[PDB]
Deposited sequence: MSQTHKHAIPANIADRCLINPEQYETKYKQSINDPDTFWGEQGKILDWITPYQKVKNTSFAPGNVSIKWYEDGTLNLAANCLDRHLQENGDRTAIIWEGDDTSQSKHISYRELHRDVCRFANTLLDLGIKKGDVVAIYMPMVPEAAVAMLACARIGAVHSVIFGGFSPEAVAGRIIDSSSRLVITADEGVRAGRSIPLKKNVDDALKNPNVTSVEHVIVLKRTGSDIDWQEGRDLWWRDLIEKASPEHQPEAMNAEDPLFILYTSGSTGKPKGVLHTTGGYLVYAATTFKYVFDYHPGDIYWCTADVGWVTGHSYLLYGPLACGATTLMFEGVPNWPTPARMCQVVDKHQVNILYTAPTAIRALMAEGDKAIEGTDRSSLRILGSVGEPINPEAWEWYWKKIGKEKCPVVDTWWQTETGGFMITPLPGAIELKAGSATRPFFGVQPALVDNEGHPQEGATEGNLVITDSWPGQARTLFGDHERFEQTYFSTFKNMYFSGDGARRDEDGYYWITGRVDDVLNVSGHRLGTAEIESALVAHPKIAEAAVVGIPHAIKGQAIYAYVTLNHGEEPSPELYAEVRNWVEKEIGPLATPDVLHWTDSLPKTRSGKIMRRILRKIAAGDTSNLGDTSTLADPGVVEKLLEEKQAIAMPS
């Protein structure tokens, strides 16, 4: 156990007693609790209703603050202007540290109004989907907030997706517009963003895209399509800086994020406005102990939900200064992350176990010539953190003075679900600890029976909370199928967890067929598809194996079409194929050439033995197992 340090005790917004009192009210009386807590936002017309939700088959319906109206952008910008207009809303640090920016709330608001008008002039309307395929530059934020201001529904696509992966997202969502940049700048190198867009839009099934707006980030030679392609600067300069935000309903859709699942291709996890923003704002405030003047840095990409809730929306609703970093924590040197901390006097740092492990492998090279004294709070997200990593992070980065908040949540959950509160809860290395206000977790066996006491099982949430995803885009029936059918009347997270004698949770990872690779959520089925699309590949089974930096690696058992021979040319080729289908993020670390896939007489693939064998673990046609072991050895 780590005791709460005096300095945090002295300033904390929530102490142990307040966590107990608030947690208990949040469950016993959600309506008074979230009715009061909803006031963290400005409302145009006030809500009367608060909680109005159901996990019942086939009547899954999630509504929060439903008769209320509000604007996300007014809450994240306009309302801070009068008294804090001059406050820095975003600190931008470039890949190249010679390049930085302090954007004030007033500056940010002005550009958001301009871009809101640019979108409106382009014919974009409330409800339209807007694809954003951007690097980590302040214009992505501007684009996201402008979509929100006018009630367009934005769909941010992570910069590292391949042209094929971008096309799929645009096709599913029917995006009317793509907003991108000429190139991205990362670790001295360029991502060819706009080129990738070009390639995407050549897909014949892409039919909805009217225009591409392009930010001139590097000024590289790019192909231009006259009429379709527009420059960011050209358009924004033309636009009025004046814009009045109209009222959106609490349940007006806000964004879609394509998210990997146990079966099929990624689906558009849908979030609405009111409950989402309230949940984002509240979790940020309390979990990071946010006080005016705290300089906050979340290291997550804007193309993931952590970048949505905890780089942008939570921070800006609360009036915080939030830092956006264009680069990677270990470039030019492993000390970079701490140089950024030092340079911008970061007080709250929130990052990924994959990063921590990466800096850890380098030792004191990660902290060398740095100070780190400005830091008060650390945070970790996206994957289980091993105690040793947690210890190194606490000791080396936080100098043994900083609570570490290990925040468990998901894209589908909008905000933090199980998390320490730095002034309320005593820490255990590797534990996400206790549930947040409004959150009712439970552990059930594979049959659905609640497990009591210290125990493990399938992690479910037994009632709704405000930040919960409301649906899957254009497919509410699959939303129910996916999350509310395995354990009736419950939200199934897809994770396993254990609870200890203290009521602390230890999240042990996906129990479905979803991987965590360098903190990216990937379905095994989608990699298998990408593999099988290759004209030389008959059959593939993909499993995860432990990995000291990535957490899990992708290990692919591959069966070639009859008459095909493996080679070293083919190994790299197949890898490059998956990188083309999805992105570098999905490239398999290992390709296991085999004709010995273990199938039931019924045709089922024995995926448990594959998993065990792939992990260096040595104890219809039974003799395939033995052939698989030899092949592994070789």
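Sequence ranges without modelled C-alpha atoms (deposited numbering): Several stretches lack coordinates - namely 1-5, 625-632, 648-652, in sequence order.
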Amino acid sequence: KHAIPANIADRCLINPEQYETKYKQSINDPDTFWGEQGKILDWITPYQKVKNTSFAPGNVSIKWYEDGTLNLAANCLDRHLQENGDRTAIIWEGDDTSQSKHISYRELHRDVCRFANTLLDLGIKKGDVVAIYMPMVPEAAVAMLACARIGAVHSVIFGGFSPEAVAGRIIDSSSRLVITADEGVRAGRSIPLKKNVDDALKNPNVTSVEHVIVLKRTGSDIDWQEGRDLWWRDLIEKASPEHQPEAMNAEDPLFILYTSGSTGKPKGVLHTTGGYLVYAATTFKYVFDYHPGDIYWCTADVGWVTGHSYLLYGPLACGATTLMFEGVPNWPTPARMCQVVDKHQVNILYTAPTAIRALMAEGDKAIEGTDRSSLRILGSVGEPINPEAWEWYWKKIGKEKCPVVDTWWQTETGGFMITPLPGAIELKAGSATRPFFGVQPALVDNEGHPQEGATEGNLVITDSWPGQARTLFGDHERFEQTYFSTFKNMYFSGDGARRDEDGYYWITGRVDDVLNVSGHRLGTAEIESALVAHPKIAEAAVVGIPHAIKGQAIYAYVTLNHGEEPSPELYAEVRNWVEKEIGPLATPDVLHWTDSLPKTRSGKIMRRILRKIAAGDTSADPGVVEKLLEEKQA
From here on, numbers count along this sequence of modelled residues.
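Greater mean Cα temperature factor according to the PDB record, 522-530 or 184-192: The recorded data point to 184-192.
Stretch with the higher entry mean CA B-factor, where the candidates are 216-224 and 386-394: Of 386-394 and 216-224, the stretch with the higher C-alpha B-factor average is 216-224.
Out of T321, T282, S431, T263, highest CA B-factor residue: Reading the PDB entry, the winner on C-alpha B-factor is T263.
Candidate residues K536, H308, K365, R357, the one whose C-alpha B factor the record puts highest: Each of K536, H308, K365, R357 was compared by C-alpha B-factor; the highest is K536.
Relative C-alpha B-factor of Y105, binned into the chain's lowest, middle or highest third: As the PDB entry reports it, the C-alpha B-factor of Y105 lands in the middle third of its chain.
Within-chain third of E93 by Cα B-factor, per the entry: For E93, whose C-alpha B-factor we compare with every modelled residue in the chain, the answer is the lowest third.
CA B-factor ranking of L459, expressed as a third of its chain: Its C-alpha B-factor belongs to the lowest third of this chain's values.
Where the record places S174 (Cα B-factor, split into thirds across the chain): Highest third, going by the recorded CA B-factors of the chain.
CA B-factor placement of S619, once the chain's modelled residues are sorted into thirds: Within its chain, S619 is a highest-third residue by C-alpha B-factor, going by the deposited values.
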